[PDB]
Every structure is written in structure tokens, then in C-alpha cells.
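Chain naming here is simple, since letters A, B, ... match the order of the sequence lines and numbering starts at 1 in each. Every heavy atom of this structure was used, including side-chain atoms; hydrogens, water molecules and symmetry mates were not.
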Amino acid sequence: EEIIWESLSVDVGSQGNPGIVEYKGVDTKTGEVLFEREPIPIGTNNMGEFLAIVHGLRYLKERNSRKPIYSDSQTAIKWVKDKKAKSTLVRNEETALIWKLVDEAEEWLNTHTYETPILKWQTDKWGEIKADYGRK
RNA sequence: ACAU
DNA sequence: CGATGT
Ligand SMILES: [K+]
Ligand SMILES: [K+]
Ligand SMILES: [K+]
Ligand SMILES: [Mg+2]
Ligand SMILES: [Mg+2]
């Protein structure tokens, strides 16, 4: 502890897992929604959590912001650190879009730099992350 | 077991 | 109850 209020918080939302995936990023302090991705017909929770972090990195870099990013996903934080999303989702025609976006996010990480700290949101101590979809 |  | 991940 405690919370770094000057930060961006991201989270996935889904209808099924695998299922329809979306994500958004919010100002941790105010809850203002700063970006939201159009729903992707089939993906996993972790692919969406990964895309949300990478989108946050790109969003902050474009704006010359040094704010950290909070995610509640141990998995996605590791995938970003590794620059590799180790998803089990079948690659087929139905999953082509999510896998294209994941491939492109990895490619961005491999061609750009950033100093953005990627921090674990401590849900057990602080409650749900401010970007949560409220579906659980 | 832990994190979603 | 089901699923995705380390
Ligand atoms: K939720
Ligand atoms: K959670
Ligand atoms: K499990
Ligand atoms: Mg989450
Ligand atoms: Mg959530």
C-alpha cells in the first residue's frame, strides 16, 4: 500500500469466457473513462486483460504521460513483461480477430520502449479495480 | 494455492 | 456451476 492515485486503471469485460471481450481504461482518481475497445466477438479474459494493458501503454506514450498502469491480472502483467501472450485459445476462423490483435500488441511491444510501471491492483485490500465492468 |  | 491463466 497505498494506492497511487495518479495512474491509469484498465480491465476486461466479457460475455462468456471464451466469449465476447471488451476492455476499458479509466483515471484511477476520478473514474473518467479514457478509452474503451469495441467488443471483440470471441476472446478470453486474459487476452482482453493483455490488450487493455498494451493499449494503456500506447495511450500514455502518445500523450507523454509517465503515469503507471494498474491491472488486476497477474497473468496479463506477466504476459506484458514477457512480450508474449501465452494463451491456450484455439487459433481458427472464429478467433482470428482476437489473435490478430494479440499478435499486433506483441509486435508493438517488440518495436517500442516505455518506462510505464505496470502495477498489480490489490483487490483483496482495495476492492474492485476502478475500471471493472460490475458484472460479477 | 493464487490471480482473474 | 463453467472458463482462463501462473
Ligand atoms: K465485473
Ligand atoms: K477482480
Ligand atoms: K484453475
Ligand atoms: Mg480484471
Ligand atoms: Mg473486472
Side-chain angles (χ1 to χ4, degrees):
Chain A
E1 277 224 21
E2 210 215 318
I3 292 163
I4 300 170
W5 288 103
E6 192 169 309
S7 59
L8 174 68
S9 291
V10 303
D11 199 18
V12 73
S14 86
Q15 297 158 232
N17 182 31
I20 303 171
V21 166
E22 63 196 310
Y23 65 75
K24 73 176 179 281
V26 310
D27 185 307
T28 305
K29 186 201 326 295
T30 68
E32 176 185 359
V33 180
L34 300 176
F35 56 83
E36 277 187 288
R37 167 64 211 203
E38 164 180 302
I40 301 156
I42 297 167
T44 67
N45 63 328
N46 293 322
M47 296 166 104
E49 296 273 21
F50 171 78
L51 295 176
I53 296 170
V54 179
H55 193 78
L57 292 171
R58 296 179 73 167
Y59 177 91
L60 294 171
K61 183 179 184 76
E62 172 70 25
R63 292 159 178 76
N64 295 314
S65 175
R66 289 176 51 83
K67 282 175 184 186
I69 294 167
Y70 277 114
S71 168
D72 62 26
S73 176
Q74 186 182 112
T75 296
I77 294 170
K78 184 185 188 294
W79 286 358
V80 172
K81 180 182 181 185
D82 294 341
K83 308 189 179 196
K84 176 51 71 166
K86 198 171 162 189
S87 177
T88 68
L89 185 69
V90 58
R91 282 187 184 258
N92 60 27
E93 193 163 81
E94 294 181 27
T95 67
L97 173 57
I98 193 92
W99 266 119
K100 177 161 189 290
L101 295 171
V102 168
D103 290 345
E104 289 167 349
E106 292 176 348
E107 181 63 26
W108 189 89
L109 292 171
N110 282 326
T111 52
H112 298 76
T113 65
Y114 65 86
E115 289 171 22
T116 304
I118 299 171
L119 306 177
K120 179 68 173 69
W121 181 263
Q122 294 178 49
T123 303
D124 57 332
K125 300 177 184 179
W126 304 339
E128 287 271 28
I129 195 166
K130 305 309 180 171
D132 180 62
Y133 279 80
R135 297 167 181 183
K136 317 186 319 168

Subject >> Euclidean distance, atom CG of residue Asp72(A) to atom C1' of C2(B) [Å, nearest integer] >> reply: 13 Å

Original post:
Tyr70(A) ring centre to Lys120(A) NZ or CZ under 6.0 Å, with the angle to the axis within 45°?
Top reply: no

Original post:
Cation-pi between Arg37(A) and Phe35(A): NZ/CZ under 6.0 Å from ring centre and within 45° of the ring axis?
Top reply: no

**OP:** Give me the one residue out of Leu8(A), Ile77(A), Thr28(A) that meets side chain to side chain contact (heavy atoms under 4.5 Å, CB included) with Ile69(A).
**Re:** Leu8(A)

Subject >> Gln122(A) CD to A3(B) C1', straight-line distance once rounded to whole Å >> reply: 12 Å

**OP:** Compare every heavy atom of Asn17(A) with every heavy atom of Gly43(A), then report the nearest pair and how far apart it is.
**Re:** O-OD1, 4.3 Å

Subject >> Side chains of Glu49(A) and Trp79(A), donor plus acceptor under 3.5 Å >> reply: no

Subject >> For chain A, the stretch of DNA chain C it reaches, first to last nucleotide, under 4.0 Å of its heavy atoms >> reply: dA3(C) to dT6(C)

**OP:** Round to a whole Å and report the spacing from NZ of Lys78(A) to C1' of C2(B).
**Re:** 15 Å

Original post:
Are the side chain of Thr95(A) and the backbone of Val90(A) linked by a donor-acceptor contact shorter than 3.5 Å?
Top reply: yes

**OP:** Ignoring backbone atoms, establish whether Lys120(A) has a side-chain N or O less than 4.0 Å from OP1 or OP2 of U4(B).
**Re:** yes

Original post:
Can you tell me how far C1' of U4(B) sits from OH of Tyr23(A), to the nearest Å?
Top reply: 18 Å

